[PDB]
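Order of the sequence lines fixes the chain letters, A, B, ..., with proteins taken first and strands second; residue numbering starts at 1 for each chain. What you see below is based on every heavy atom in this structure, not just the backbone, and it leaves out hydrogens, waters and symmetry mates. We count ligands from 1, going down the list as the structure has it; atoms in each ligand are counted the same way.
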Amino acid sequence: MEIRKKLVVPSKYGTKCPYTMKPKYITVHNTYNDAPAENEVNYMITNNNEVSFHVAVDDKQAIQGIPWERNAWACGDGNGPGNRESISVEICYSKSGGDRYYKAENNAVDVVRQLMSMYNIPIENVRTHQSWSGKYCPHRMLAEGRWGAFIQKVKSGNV
Amino acid sequence: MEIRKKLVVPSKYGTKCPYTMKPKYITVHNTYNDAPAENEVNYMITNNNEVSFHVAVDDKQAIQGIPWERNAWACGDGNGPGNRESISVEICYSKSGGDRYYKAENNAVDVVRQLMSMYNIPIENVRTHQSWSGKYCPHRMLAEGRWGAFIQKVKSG
Amino acid sequence: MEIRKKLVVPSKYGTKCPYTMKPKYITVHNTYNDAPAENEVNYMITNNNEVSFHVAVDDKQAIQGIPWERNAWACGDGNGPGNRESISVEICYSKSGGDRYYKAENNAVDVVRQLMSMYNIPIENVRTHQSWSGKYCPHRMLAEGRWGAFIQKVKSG
Ligand SMILES: [Zn+2]
Ligand SMILES: [Zn+2]
Ligand SMILES: [Zn+2]
């Protein structure tokens, strides 16, 4: 699926993505919200908080808000490898779940595979936010035991 | 046991418990302090930091500082299920331990049981702060390997 | 090996080590950087940030910047057991790794053994930063699953 562009303005880089980055990992998150990717991204690139992520994926589309080679503030590890070396993928509708959420997760498999090919990132480098800082994220995937199956789809699925 | 109420003023909900909450989990903590429940609560409901918990339990009493159906900021996972769907119980005197602490922990067993029955929360949904953010809390319970026994006490009587 | 001393001035204690401490644990970290122990410590004692560690160990020497019996802000657990009861050991050159790092690690095994017999800290009291707050540190050691072997070498020598 095509990843739509809806990037934050350069004048806000200092707040949303101040550093350049050489992607080495991909971090998967759950939004813990029930908003479409367009809403997640629009809010993220417009507010003034030092909080961001690279792409949001819902049941219908994938939207990029931060250049892949600039950092995002989403892993909670300060200037650690999560925030400074990983591209963050946000999966929408995880708050209430439902068909919309599982559709978004499966679309995220496709998004993650595109990023792996793009930056030559190995399957061992696809990580959970939890692995970087301890936060229970992706919450629904961890709660339902879906991470293992997700990794296998990313590793060799044809989507 | 009786859980006494000494709730934060409504005007501070924006800071201490900004969202309504449908309790789904109970999170157990250790204060890593040697102060009675009353002290813990007084400080928590008055300062202006976005840091809070629902009830503090010591060897003598249990004092609630935040409404059970409003979130508290105690699990370290920002706007995640920890802070937004769990009721936090702080067990006092864990710092130096001793009878005071073990007595408080037994009282916490009752408080957790009461909350479980109140909001129909299953035993598998009683969690450690560590499970939500990786923080080593409840520190004493983890250090002495008491979590399993605590859960069994809660599951029965 | 010999642990040099480049402690911070008493005036900077309120920020680098404002609390006395009775060492009970030893926390091993990775600098996630490629600077020598001299630079790490020097930089750490020059700025006035609420961030510090007790000793930095590279491939050549080991330098202490904070008194062993004073806390150091390095475990990210606020006033928790990691920051208030453990001595923090920073292993240099982990960013890019290389022989320099692996050499700094073995030296760190030495620094840890010395601190263990000096303050009678048991082997199961040697922890990672990750165990205190969930942060992925020591990143390289964890990334390469070198923790189990590290502890085994500390247990024997
Ligand atoms: Zn996340
Ligand atoms: Zn806690
Ligand atoms: Zn560390």
Side-chain angles (χ1 to χ4, degrees), chain A residues 27-33 40 51-54 56 72-83 86 88-91 94 127-142, chain B residues 27-33 40 51-54 56 72-83 86 88-91 94 127-142, chain C residues 27-33 51-54 56 72-83 86 88-91 94 127-142:
Chain A
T27 302
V28 181
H29 308 256
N30 271 178
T31 61
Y32 191 64
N33 192 33
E40 288 289 346
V51 173
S52 55
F53 57 81
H54 298 87
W73 293 129
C75 298
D77 66 334
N79 281 304
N83 281 333
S86 79
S88 283
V89 180
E90 289 275 357
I91 306 175
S94 80
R127 314 286 174 76
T128 59
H129 176 172
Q130 182 191 58
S131 77
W132 298 121
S133 69
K135 174 177 179 176
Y136 196 69
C137 172
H139 78 94
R140 186 170 288 282
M141 295 180 82
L142 292 163
Chain B
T27 301
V28 180
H29 307 257
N30 270 179
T31 63
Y32 189 61
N33 194 37
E40 291 284 349
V51 174
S52 55
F53 57 81
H54 297 84
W73 295 122
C75 302
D77 67 339
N79 272 293
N83 287 328
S86 81
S88 273
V89 179
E90 290 273 356
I91 304 176
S94 73
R127 311 289 173 79
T128 57
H129 174 171
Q130 178 188 55
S131 77
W132 299 119
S133 71
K135 183 172 185 189
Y136 193 72
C137 173
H139 83 91
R140 189 166 286 281
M141 294 182 77
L142 294 169
Chain C
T27 309
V28 186
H29 310 245
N30 267 174
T31 57
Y32 185 53
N33 188 35
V51 180
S52 59
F53 53 85
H54 298 88
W73 305 122
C75 302
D77 66 335
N79 276 295
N83 280 340
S86 76
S88 276
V89 180
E90 285 289 350
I91 306 175
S94 68
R127 318 289 175 70
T128 60
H129 177 169
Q130 183 176 52
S131 69
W132 293 126
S133 74
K135 190 165 197 293
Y136 188 66
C137 174
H139 75 93
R140 185 169 288 286
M141 284 188 67
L142 291 169

Test side-chain contact (heavy atoms from CB on, under 4.5 Å) applied to C:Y136 and A:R127, step by step
CA-CA 12 Å; C:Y136 188 66; A:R127 314 286 174 76; 4.0 Å; yes
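In terms of modelled atom types and a separation under 3.5 Å, the side chain of A:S133 and the main chain of A:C75 share a donor-acceptor contact. Proximity of a side-chain donor or acceptor of C:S94 to a complementary backbone N or O of C:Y32 within less than 3.5 Å is detected. Judged by distance alone, the side chain of B:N30 and the main-chain N or O of B:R140 form a donor-acceptor pair under 3.5 Å.
Counting heavy atoms from C-beta outward, C:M141 and C:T128 have side chains that stay 4.5 Å or more apart.
For the atom pair OG1 of C:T27 and CD of C:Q130, the computed distance is 12.5 Å after rounding to the nearest 0.5 Å.
Excluding waters, the set of protein N, O or S atoms lying under 2.8 Å from the Zn ion (ligand 3) comprises C:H29 ND1, C:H129 ND1, C:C137 SG.
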